[PDB]
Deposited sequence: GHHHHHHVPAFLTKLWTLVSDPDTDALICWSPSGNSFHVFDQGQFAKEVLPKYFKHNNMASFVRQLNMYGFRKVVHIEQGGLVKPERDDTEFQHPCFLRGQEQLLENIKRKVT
């Protein structure tokens, strides 16, 4: 399992980051709140960059899709589900 997916699983699931990135209440997706602060303050703790665009490129690379005031966004993957970490084994690049 590539490092991006386990890092993404960790930082989404981490309660200490939920004001910036967190599971949706139903758990099929995750929200990103205040993309400016998230990109500069959260991304460099896990990756070699602080660009939201490079984070989104990786999401799309593994097949995540954007879910249709604040600068907030939401992404989903059919196999990126809260509580089901094992599904990551079969998430490959498209």
Pop the missing stretches of the deposited sequence into a list, counting residues from 1 and keeping sequence order.
1-7, 76-85, 112-113
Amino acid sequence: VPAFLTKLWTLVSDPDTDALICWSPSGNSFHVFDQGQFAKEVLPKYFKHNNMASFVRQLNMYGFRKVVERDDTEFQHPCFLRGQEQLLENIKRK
From here on, numbers count along this sequence of modelled residues.
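Each form is matched to the other, and the largest set of C-alpha atoms that superpose within 1.5 Å is called the rigid core.
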State which stretch is farther from the displayed form on average in 6 other deposited structures of this protein, 23-31 or 43-51, counting RMS CA distance after fitting on the rigid core.
43-51
Given the other compared entries that model the residues flanking it, would you say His77 is unmodelled in at least one third?
no
Do the CA atoms of 69-77 or those of 21-29 have the higher mean B-factor in the entry?
69-77
If you rank every modelled residue in this chain by C-alpha B factor, which third holds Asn51: lowest, middle or highest?
highest
Which third, lowest, middle or highest, does the CA B-factor of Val1 fall in along this chain?
highest
Ranked by Cα temperature factor within the chain, is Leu87 in the lowest third, the middle third or the highest third?
highest
